[PDB]
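Novice: For reference, the structure I am asking about is given below.
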Amino acid sequence: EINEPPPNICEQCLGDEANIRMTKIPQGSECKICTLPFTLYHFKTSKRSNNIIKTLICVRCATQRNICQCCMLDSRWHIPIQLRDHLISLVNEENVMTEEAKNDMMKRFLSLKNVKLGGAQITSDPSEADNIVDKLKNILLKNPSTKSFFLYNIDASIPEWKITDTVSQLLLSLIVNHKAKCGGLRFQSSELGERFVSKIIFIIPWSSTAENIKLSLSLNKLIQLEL
Amino acid sequence: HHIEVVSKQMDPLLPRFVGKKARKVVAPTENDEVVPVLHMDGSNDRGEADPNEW
Amino acid sequence: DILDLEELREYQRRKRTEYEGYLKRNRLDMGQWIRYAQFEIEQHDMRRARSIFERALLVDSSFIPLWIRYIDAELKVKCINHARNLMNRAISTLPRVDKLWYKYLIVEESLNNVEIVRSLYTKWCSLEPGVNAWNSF
Amino acid sequence: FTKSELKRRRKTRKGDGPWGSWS
Amino acid sequence: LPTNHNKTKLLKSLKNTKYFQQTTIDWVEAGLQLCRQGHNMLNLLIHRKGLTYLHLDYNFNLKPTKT
Amino acid sequence: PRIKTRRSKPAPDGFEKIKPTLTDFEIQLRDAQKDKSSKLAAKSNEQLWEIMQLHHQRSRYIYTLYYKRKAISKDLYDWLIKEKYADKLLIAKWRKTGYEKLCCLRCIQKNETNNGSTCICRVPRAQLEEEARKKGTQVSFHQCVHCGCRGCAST
Amino acid sequence: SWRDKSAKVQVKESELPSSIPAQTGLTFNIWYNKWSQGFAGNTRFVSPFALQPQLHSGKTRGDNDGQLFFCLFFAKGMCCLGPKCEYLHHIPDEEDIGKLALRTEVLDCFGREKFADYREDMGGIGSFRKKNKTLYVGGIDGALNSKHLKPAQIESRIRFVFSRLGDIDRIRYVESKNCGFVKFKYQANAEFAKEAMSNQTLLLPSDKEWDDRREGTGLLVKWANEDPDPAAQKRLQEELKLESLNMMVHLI
Amino acid sequence: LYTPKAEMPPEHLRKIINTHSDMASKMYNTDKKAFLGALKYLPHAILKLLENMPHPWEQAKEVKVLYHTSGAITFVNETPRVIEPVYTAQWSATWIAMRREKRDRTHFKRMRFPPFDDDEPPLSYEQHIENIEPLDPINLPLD
Ligand SMILES: [Zn+2]
Ligand SMILES: [Zn+2]
Ligand SMILES: [Zn+2]
Ligand SMILES: [Zn+2]
Ligand SMILES: [Zn+2]
Ligand SMILES: [Zn+2]
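Protein chains in written order, with the UniProt record's numbering: chain A, 4 to 144, 198 to 227, 238 to 266, 288 to 295, 306 to 324; chain B, 110 to 163; chain C, 36 to 172; chain D, 51 to 73; chain E, 538 to 604; chain F, 2 to 156; chain G, 3 to 254; chain H, 127 to 269.
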């Protein structure tokens, strides 16, 4: 067909140059969504930037999701499409999903339809977007040199990276199991351990209403062991 | 924001249009606007006597 | 026989594949469409049933019984606005058939939205329908 | 730019002629 | 009567692009290279089709390997 | 270097001096021609550049002999050109100002290049450095694709 | 540190392996590079190389450039271009992840485009539609040449392997399913590991089956479907909410 | 802004061809597609090659050639043109030379066909032919 729709690329993505020189290969790939030929556009963001940016999805797909054609992010807010749909679902509603059909024939069919998906209807008209934003805003308002510890009382939600980074701030290896919470921490040296301890949800023995805590630990530990 | 579009000439060995591969595609109708089907008649005597013949 | 969930899913799939296949050959066998839609209804997945009805409608609008079946299906799950919207759409498409109008009317009557039935009746009569319409009104 | 600066700097390329290394 | 409007030859067209270069090669070299090229082409085509059981002989005498 | 026929006019007097120099080049080319099965892409290109640079060097040698050194006779040079020990076009380019150094002819065809412009190797290193400084980055490239050209050395 | 030294070559292209794997069939197929006339027996095998990161990681052509993508062959531990490689040669960190965070939504840290759906296995490079950070780690039975180790031993060895390549969100071995679930700090990291330990060995020099490491079948590092377990589902939901609060405050 | 093509070093082309005999990587995956594409133009190429057959008095005829950067095709760009009366003279000389040969020789060994067996591949021009010198062509000795 004729090159009727223009490409739908966002700003951040595209880069801060007054004039880039991109190329268009027409009928130039199947897209990353709907397996369907489209005009593939691509460009180096700078002249000497090594990474080309190619337009992954087709323009119809882009419109449908109301997104960038290179970022796969909403053209307004520059955020993941799923995430934006979640946000929209949260404010003003209870349910807004954008279901892509994972069957190769049906996806094509869906792509063909000139109909916006859940979140796309909000983000297309800027007035509605603004309204959503304001509503969202409204909604808002003793050192034996062990080098090897066994840390307990670990919040189930906390990750190891948070732990290790915290330790670094207070300064290696680490072992955590979120089932047991038997955080089998180990330092690269004993001197380092000493340094740490001397520098001191931080319940910390040095093995190599606390009672109830111990019980909770106990049962959880047992369960973990059975697993 | 402003940009220059170009068409890079490609090797005349490799397929000109890599995309197109004779896909089977079902069409969505997109009859979003409704349209009537609107006939004006009401036949009772001839319209009921006929089916016995037809 | 149909015990666990995943197994039921498989059953649903297989059945669909049959139904879909039979539709593929005879795009028009509305008996086959409506049967399939009944299957969807039975499964208690309403959206899919609706989709089936829509597709069926597209394939052949003029088959009134299909429309009626869809309507009544919608009514079944107390999804009354959908039924109403659809029935309005049916009217828009095929106003000169009477049974659609009557279906609408009975629905509204049972609903006891008497004002709306008056209003609609005014519309229908305004289109110079059959004498029957007038008399019923 | 001084042409002696280019004279000193084109011997910094560890290879000879067209292929230079330039570190 | 040869039609005149089509004055974009094949070689000329190819020359226009970057993907071809030109060299002075001995005619025998051209030949041998073109046999090699042709052989590679046809084998590529056949394998692409999937039917690897059709063995091209280097003398372009095609025959099946297996029954 | 082509193949000696009846139609080949034999090499004049002063060729006996140079033979072993370009002999080496020939040998190298033979070495550079074989299935050095480089699974890799970049390295494969590198091999190709080795032939290209070698060609440049050979032609460059003959150019030097003729023009800069001013040693070999004109007839001999002509013969060499005819036989194609040295590329004539490249030599011509060299003779012309601006391209005193020039990797090869492929790096100055503005048609072949997608941007209607020469190979970046032709950009003098200083200019590139300046550009990089202005931007913040360093020299992004180290050799172009058409030949092994870490700067084409206009300067 | 990696930044202190230039990256060593993994293996010279002489040492690199050819593209003619195993003769699985009767004849070779030129246009596919696969084999044919017979698909008797499984294809997969164990990686000869592995990313020993401190012995390998370093500067590149890329570290000069600001190439935003890491070397697949570095992860595989077989890059034949060491310092001359354009793709980078080091473990992904917050600085580099942060640097490429725009583009990495659409594609991997190996600079290759993600797809609509996971490849039915959840086996290949991830889908764009999910921002998954969790690798399923099958084939541990195969990865250790049928070594009857302890679950503790297994999980520890796994930890030793994947913690080396990226910052961990959590790991948990499952005795009842003989597999791992190795949630990572970042998607880039996840991508990196997922290649870096694909087809690798869990064995060690201390183990007796060290010279038989090649002969088995390597780690099946794939991507993980989220657990049915509502214990973690809730956590995930909470995390999502938290993230949403961040971005939403960032919009104004 | 035009310029002619680069008379490349034929060695380059040779190298390329050598490379594309052992083709089995994701490297040159698109080059295989190139090869397939080139089947369109292979008959054209063949025609050109047969057009510049070295006549029986040319010992070792060179020719200009276009070739794909991936060595998927090798055209014979030069058109084989001749001064008509001169051409006739050459053929006449070969006609008489050939006839003479026929006259003199008691037996005349013909070439066995085809020349090479199916096992024997297309031998490399550089490795075998480019070293060895060709025999003297046919041309009646002139006063
Ligand atoms: Zn964008
Ligand atoms: Zn699409
Ligand atoms: Zn060059
Ligand atoms: Zn260059
Ligand atoms: Zn150059
Ligand atoms: Zn590398």
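For each residue, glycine too, the CB sits at the ideal point set by N, CA and C.
#1: Who are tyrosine 175 of chain G's beta bridge partners in DSSP?
#2: Beta-carbon separation of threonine 42 of chain A and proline 29 of chain A under 8 Å?
#3: Check each residue of the segment 140-168 of chain H: if its Cβ is closer than 8 Å to any Cβ of chain E, include it; give the result in chain order.
#4: Any residues whose CB sits closer than 7 Å to a heavy atom of ligand 1? List them in chain order?
#5: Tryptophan 33 of chain G versus chain H: which residues are under 7 Å apart at the beta carbon?
#6: By Cβ distance below 6 Å, which residues in the same chain neighbour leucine 59 of chain A in space, the five residues on each side in sequence not counted?
#7: In or out: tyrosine 128 of chain H buried (at least 16 other Cβ within 10 Å) or exposed?
#8: Taking a Cβ distance cut-off of 9 Å, strictly less, list which residues of the segment 569-594 of chain E are near chain G, in chain order.
#9: Does the distance between the C-beta of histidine 147 of chain F and the nearest non-hydrogen atom of ligand 7 fall short of 7 Å?
#10: Quick one: what's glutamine 558 of chain E bridged to in DSSP?
#11: Just list the residues that DSSP pairs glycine 60 of chain G with in beta bridges.
#12: Out of F:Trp80, F:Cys148, F:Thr98, F:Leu30, which has the shortest C-alpha to C-alpha gap to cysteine 122 of chain F?
#13: Could you check the C-alpha separation between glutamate 137 of chain H and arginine 573 of chain E for me, to the nearest Å?
#14: Taking 7 Å as the cut-off, does the CB of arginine 107 of chain F come closer than this to any heavy atom belonging to ligand 3?
#15: Chain H partners of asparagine 598 of chain E, CB-CB under 9 Å?
#16: According to a CB-to-CB cut-off of less than 8 Å, which residues of the segment 172-183 of chain H neighbour chain K?
#17: Taking C-beta pairs closer than 7 Å, name the residues in chain C that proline 145 of chain B reaches, listed in chain order.
#18: Just to make sure I have the definition right: I need the residues of chain B whose C-beta is within less than 8 Å of the C-beta of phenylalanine 41 of chain A. Which are they?
#19: In chain H, what lies closer than 9 Å to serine 21 of chain G by C-beta?
#20: Using 8 Å as the threshold, is the C-beta distance between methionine 75 of chain A and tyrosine 44 of chain A below it?
#21: Count the other C-beta atoms from every protein chain shown that fall within 10 angstroms of the C-beta of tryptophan 136 of chain C, then say buried if there are 16 or more, exposed otherwise.
#22: Please classify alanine 307 of chain A as buried or exposed, where buried requires at least 16 other C-beta atoms within 10 Å of its C-beta.
#23: Of all residues in the structure, which have a C-beta closer than 6 Å to any heavy atom of ligand 6, taken in chain order?
#24: Can you give me the Cβ contacts of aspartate 157 of chain H inside the same chain, cut-off strictly under 6 Å, excluding the 5 residues immediately before and after it?
#25: For residue 116 of chain H, count neighbouring Cβ atoms within 10 angstroms of its own Cβ and tell me buried if that reaches 16, exposed if not.
#26: Does chain E have any CB closer than 8 Å to the CB of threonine 200 of chain H?
#27: Considering only heavy atoms of ligand 3, does any lie closer than 7 Å to the CB of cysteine 572 of chain E?
#28: With distances taken between CB atoms, is the gap from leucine 548 of chain E to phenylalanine 161 of chain H smaller than 8 Å?
#29: Does ligand 5 have even one heavy atom less than 7 Å from the beta-carbon of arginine 123 of chain F?
#30: Any heavy atom of ligand 2 within a distance shorter than 7 Å of the CB on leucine 39 of chain A?
#31: Three or more C-beta pairs closer than 8 Å, one from the segment 563-578 of chain E and one from the segment 162-169 of chain H: is that the case here?
#32: Relative to the C-alpha of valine 112 of chain C, which candidate in C:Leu101, C:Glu163, C:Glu144, C:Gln73 has its C-alpha closest?
#33: Taking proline 247 of chain H as the query, report the chain F residues whose CB atoms sit under 8 Å from its CB, ordered along the chain.
#34: Does the segment 551-564 of chain E come within contact of the segment 180-191 of chain H, defined as at least 3 CB pairs closer than 8 Å?
#35: Listing by chain order, which chain E residues have their CB less than 7 Å from the CB of residue 1 of chain G?
#36: Is the beta carbon of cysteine 181 of chain G within less than 7 Å of some heavy atom of ligand 4?
Specialist: So, to answer that:
#1: Looking at the DSSP output, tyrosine 175 of chain G sits in a beta bridge with G:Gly182.
#2: Against a cut-off of 8 Å, the Cβ pair of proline 29 of chain A and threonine 42 of chain A comes out as a contact.
#3: For the segment 140-168 of chain H, the set of residues with a beta-carbon nearer than 8 Å to any beta-carbon of chain E comprises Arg140, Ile143, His146, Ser147, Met149, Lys158, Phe161, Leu162, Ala164, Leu165, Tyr167, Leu168, in chain order.
#4: Those residues that bring their Cβ nearer than 7 Å to a heavy atom of ligand 1 are A:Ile12, A:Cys13, A:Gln15, A:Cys16, A:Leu17, A:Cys71, A:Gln72, A:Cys73, A:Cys74, A:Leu76.
#5: Chain H residues near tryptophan 33 of chain G: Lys158.
#6: Taking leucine 59 of chain A as the centre and dropping the five residues before and after it, the same chain places the C-beta of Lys35 closer than 6 Å to its C-beta, in chain order.
#7: The residue in question, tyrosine 128 of chain H, is exposed, as its Cβ has fewer than 16 Cβ neighbours within 10 Å.
#8: Against chain G - using a Cβ distance shorter than 9 Å - the residues of the segment 569-594 of chain E are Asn577, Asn580, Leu581, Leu582, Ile583, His584, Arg585, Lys586, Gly587, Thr589, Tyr590, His592.
#9: The model on display carries ligand 1, ligand 2, ligand 3, ligand 4, ligand 5 and ligand 6 but not ligand 7.
#10: DSSP, once it has assigned bridges, lists H:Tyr193 as partnering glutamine 558 of chain E.
#11: Note: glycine 60 of chain G is bridge-paired with G:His91 in the DSSP secondary-structure output.
#12: Nearest Cα to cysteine 122 of chain F within the set F:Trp80, F:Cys148, F:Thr98, F:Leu30: F:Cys148.
#13: When only Cα atoms are considered, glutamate 137 of chain H and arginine 573 of chain E end up about 16 Å apart.
#14: Ligand 3 approaches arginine 107 of chain F closely enough that one of its heavy atoms is under 7 Å from the residue's Cβ.
#15: Those within 9 Å of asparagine 598 of chain E in chain H are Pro240, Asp244.
#16: In the structure shown, chain K does not exist; the protein chains are A, B, C, D, E, F, G and H.
#17: The answer, in chain order, is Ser127, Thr128, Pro130.
#18: What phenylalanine 41 of chain A touches in chain B: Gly128.
#19: Correct list: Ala150, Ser151, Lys152, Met153.
#20: Note that the C-beta distance between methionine 75 of chain A and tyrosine 44 of chain A is not below 8 Å.
#21: When all chains shown are included, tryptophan 136 of chain C counts as buried.
#22: So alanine 307 of chain A counts as exposed.
#23: That query returns the following residues: G:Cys73, G:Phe75, G:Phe76, G:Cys81, G:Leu83, G:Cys87, G:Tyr89, G:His91.
#24: Within the same chain, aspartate 157 of chain H has close Cβ partners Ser196.
#25: Given that chain H is displayed from residue 127 to residue 269, the structure contains no residue 116 of chain H and the question cannot be resolved.
#26: Chain E, which has a Cβ nearer than 8 Å to the Cβ of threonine 200 of chain H, makes this yes.
#27: Every heavy atom of ligand 3 is 7 Å or more from the Cβ of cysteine 572 of chain E, so no.
#28: Not in contact: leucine 548 of chain E and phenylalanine 161 of chain H (Cβ atoms no closer than 8 Å).
#29: Because some heavy atom of ligand 5 lies under 7 Å away, the Cβ of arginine 123 of chain F counts as near it: yes.
#30: Checking the Cβ of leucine 39 of chain A against ligand 2 gives yes.
#31: As far as the Cβ criterion goes, the segment 563-578 of chain E touches the segment 162-169 of chain H, which means the pair count is three or higher.
#32: Its Cα nearest to that of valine 112 of chain C, the residue C:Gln73 stands out among C:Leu101, C:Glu163, C:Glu144, C:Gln73.
#33: Neighbourhood of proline 247 of chain H in chain F, by CB distance below 8 Å: empty, with the nearest CB roughly 13 Å away.
#34: In the pairwise beta carbon analysis, the segment 551-564 of chain E is classified as touching the segment 180-191 of chain H: at least three pairs are separated by under 8 Å.
#35: Because chain G is modelled from 3 through 254, residue 1 of chain G falls outside the range shown and cannot be assessed.
#36: No; taking the cut-off as 7 Å, the Cβ of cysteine 181 of chain G has no heavy atom of ligand 4 nearer than that.
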